[PDB]
Enquirer: 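Have a look at this one.
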Amino acid sequence: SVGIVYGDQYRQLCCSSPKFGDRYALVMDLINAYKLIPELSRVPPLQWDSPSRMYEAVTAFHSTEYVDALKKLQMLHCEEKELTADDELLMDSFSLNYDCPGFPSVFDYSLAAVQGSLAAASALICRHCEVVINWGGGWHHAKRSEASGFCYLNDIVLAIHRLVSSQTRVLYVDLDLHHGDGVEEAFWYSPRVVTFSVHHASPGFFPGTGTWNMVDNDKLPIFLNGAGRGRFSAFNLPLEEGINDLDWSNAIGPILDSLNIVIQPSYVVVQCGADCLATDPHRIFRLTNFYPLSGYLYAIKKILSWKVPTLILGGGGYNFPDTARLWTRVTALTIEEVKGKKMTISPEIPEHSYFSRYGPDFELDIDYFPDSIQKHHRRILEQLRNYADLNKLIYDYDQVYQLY
Ligand SMILES: [K+]
Ligand SMILES: [K+]
Ligand SMILES: [Zn+2]
């Protein structure tokens, strides 16, 4: 069965932030408008028996000082008076400012994503669901003691921790426009959680990592890829702007297949940030949600074909209607692949709460008309072999080679 995280309180909290506003409501309501909810298993967000238990859970990754500061940020933003100079300095020291501002619900909002992704992980662990979706989660940039890119708590890292602690190996796949730095860092030293991010990278583009390592020497630059026992276990594919569905699919396809073959993961966690869409305000990549093929749908279908318990998460995407259009198709596709039953989504957006937001055409398709990679493939193939050799993994080097 395919599970999805939702709930009345969950929805309210996920819609309480200034940056993402009511995005989660549009997503879930569009899924509902397409009559998909009865096909899905409702997974309630996790709750804790006490403040201490909650704190224990979140500090499994985050520092106590950082969690304390994030809690204080909420309290301060629920008061009339301005922050003191000392409190400003404190918040700045955790990057709780700039693109990670405070707001009255900042702690509750951030924690909600954690509640949802932990619950999703548990439903996979006890085998209640074969796949679980959490469109309220996917906050890949949050660090141990730093907020980053409107990510305050890293629900992904905490969920993966739960999965690995349930030998267990986890494959993390980050499809967002931006490098999955927080998750990559969290597992930099662990061979058990392999991370793979495909993203745009270019000078001055956030967050700046996931590409060639810039250092003071004249040698050709190279990629960092993990450390200690985690050497070779962090994979990255930076792509130039403008890439379309087909080229993006061909770029990541062989990599995904080779990773599954070599790693043989017990769980897959996929971050499906929707900011690669051609209609995203970034205007960097040109992916679509087309399903006659959308790069996103191509990747998800491939991952699902592995029949490995899978967690599907959200992430970036500041065009709310088109993010909803994409995730609705991802959800329908997941039902179809898992349950082996056909879904017939009307090409026309059905009347519902937010119908008006889908102008002007009101169709399910987004309103859009559509050497380096070979070098990356060779590099990645070499890294995969290196990872396998270091971890004494069994597999056919030629079969994997033939994938590319
Ligand atoms: K990414
Ligand atoms: K790793
Ligand atoms: Zn992003």
Side-chain angles (χ1 to χ4, degrees), residues 1-5 27 31 34 36-43 116-117 120-135 137-138 156 159-160 163 168-176 180 193-198 235 245-246 248-274 276 287-315 323 325-345 364 403:
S1 69
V2 176
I4 189 159
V5 181
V27 173
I31 285 166
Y34 276 106
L36 301 179
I37 297 290
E39 300 287 334
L40 296 163
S41 174
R42 191 182 81 88
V43 180
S117 301
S122 287
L124 292 177
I125 290 167
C126 69
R127 297 302 188 269
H128 188 67
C129 302
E130 299 172 65
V131 180
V132 182
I133 299 164
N134 178 21
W135 293 133
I156 312 183
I160 290 170
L163 294 170
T168 305
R169 287 174 300 271
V170 179
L171 173 59
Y172 174 67
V173 176
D174 194 320
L175 304 181
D176 194 275
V193 174
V194 174
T195 61
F196 167 50
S197 175
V198 52
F235 292 81
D245 285 318
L246 182 58
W248 189 91
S249 300
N250 287 337
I252 70 171
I255 296 172
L256 289 174
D257 279 319
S258 73
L259 287 168
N260 176 54
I261 287 172
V262 174
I263 297 159
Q264 293 184 288
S266 318
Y267 298 99
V268 179
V269 177
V270 188
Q271 197 271 19
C272 207
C276 299
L287 291 62
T288 70
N289 71 333
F290 296 169
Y291 195 3
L293 175 62
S294 163
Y296 287 106
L297 301 183
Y298 170 83
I300 294 291
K301 181 176 186 169
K302 177 179 291 299
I303 294 168
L304 294 180
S305 78
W306 301 341
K307 302 291 165 289
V308 170
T310 299
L311 174 51
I312 301 174
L313 305 176
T323 297
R325 286 177 158 105
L326 174 69
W327 289 347
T328 293
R329 286 219 162 113
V330 171
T331 302
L333 186 159
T334 305
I335 290 159
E336 189 178 9
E337 297 304 307
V338 171
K339 307 172 78 177
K341 74 189 65 183
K342 304 296 167 49
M343 293 288 106
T344 56
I345 304 299
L364 180 53
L403 289 178

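Here, residue 1 is the first one in the sequence, and each next residue gets the next number.
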Enquirer: Provide the closest heavy-atom pair for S117 versus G137 in the form atom of the first, atom of the second, distance.
Expert: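 Scanning both residues completely, I find the closest heavy atoms to be OG-CA, 4.2 Å.
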Enquirer: First locate atom CZ of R127, then atom SG of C129, and finally report the distance between them rounded to the nearest 0.5 Å.
Expert: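 Result: 11.5 Å between the selected atoms.
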Enquirer: Taking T323 for its side chain and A274 for its backbone only, find out whether a donor-acceptor pair lies under 3.5 Å.
Expert: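 No: the side chain of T323 does not pair with the backbone of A274.
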Enquirer: Do the non-hydrogen side-chain atoms of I125 and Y267 ever get within less than 4.5 Å of each other?
Expert: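 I125 vs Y267: side chains touch.
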Enquirer: What residue among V131, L36, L40, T334 forms side-chain contact (heavy atoms from CB on, under 4.5 Å) with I4?
Expert: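 Of the listed options, the one satisfying the test is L40.
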Enquirer: Looking at NZ of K307 and CD of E337, how far apart are the two atoms once the value is rounded to the nearest 0.5 Å?
Expert: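 These two atoms lie 6.5 Å from each other.
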Enquirer: As an exercise, state the distance from SG of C272 to CG of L311, rounded to the nearest 0.5 Å.
Expert: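 Between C272 SG and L311 CG, I get 11.5 Å after rounding to 0.5 Å.
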Enquirer: Side chain to side chain donor-acceptor pair (under 3.5 Å) with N289: which residues, sequence neighbours excluded?
Expert: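 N289 satisfies side chain to side chain donor-acceptor pair (under 3.5 Å) with no other residue.
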Enquirer: Does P309 offer a backbone N or O that forms a donor-acceptor pair with the side chain of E130 under 3.5 Å?
Expert: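 Checking the backbone N and O of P309 against the side chain of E130, no donor-acceptor pair under 3.5 Å is found.
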Enquirer: Please evaluate residues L171 and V308 with respect to the criterion side chain to side chain contact (heavy atoms under 4.5 Å, CB included), reporting the C-alpha separation (whole Å), side-chain torsions for both, the decisive distance (0.1 Å), and the verdict.
Expert: CA-CA 10 Å; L171 173 59; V308 170; over 6 Å; no
Enquirer: Just jot down the side chain to side chain donor-acceptor pair (under 3.5 Å) partners of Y172, sequence neighbours excluded, or say none.
Expert: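 With neighbours one apart ignored, the set is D174.
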Enquirer: Checking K339 side chain against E39 main chain: does a donor-acceptor pair fall under 3.5 Å?
Expert: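 A pair under 3.5 Å: yes.
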Enquirer: For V330 and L297: C-alpha separation, side-chain torsions, deciding distance, then whether side chain to side chain contact (heavy atoms under 4.5 Å, CB included) applies.
Expert: CA-CA 6 Å; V330 171; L297 301 183; 3.8 Å; yes
Enquirer: Judged by atom type as modelled, is there a donor-acceptor pair below 3.5 Å linking the side chain of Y34 to the main-chain atoms of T344?
Expert: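 Side chain of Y34 to backbone of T344: no pair is present.
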Enquirer: Measure the spacing between OG of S305 and CG of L256 and express it to the nearest 0.5 Å.
Expert: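 Answer rounded to 0.5 Å: 10.0 Å.
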Enquirer: Parallel under 30°, tilted from 30 to 60°, perpendicular over 60°: which one fits the rings of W135 and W327?
Expert: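 Plane angle under 30°, so parallel.
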Enquirer: Nearest 0.5 Å, what's the CG-CD distance between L333 and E336?
Expert: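 Spacing of CG (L333) from CD (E336) equals 6.5 Å.
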Enquirer: Counting only heavy atoms not in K342, do more than 12 fall under 6.0 Å of its NZ?
Expert: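 Not buried by this count: 12 neighbours or fewer within 6.0 Å.
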Enquirer: Please give me the minimum heavy-atom distance between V43 and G3, naming the atom from each residue.
Expert: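 Closest pair (atom of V43, atom of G3, distance): CG2-CA, 4.1 Å.
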Enquirer: Would you say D245's side chain and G295's backbone share a donor-acceptor pair under 3.5 angstrom?
Expert: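 Indeed, once roles are kept as given, a pair shorter than 3.5 Å links the two residues.
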Enquirer: Who pairs with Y298 by side-chain contact (heavy atoms from CB on, under 4.5 Å), at least two apart in sequence or on another chain?
Expert: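 side-chain contact (heavy atoms from CB on, under 4.5 Å) check on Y298 returns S249, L293, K302.
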Enquirer: Decide yes or no for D257 and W306: does some side-chain heavy atom of the first lie under 4.5 Å from some side-chain heavy atom of the second?
Expert: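 Side-chain contact under 4.5 Å: yes.
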Enquirer: Nearest 0.5 Å, what's the CG-CD1 distance between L175 and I303?
Expert: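 Between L175 CG and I303 CD1, I get 6.0 Å after rounding to 0.5 Å.
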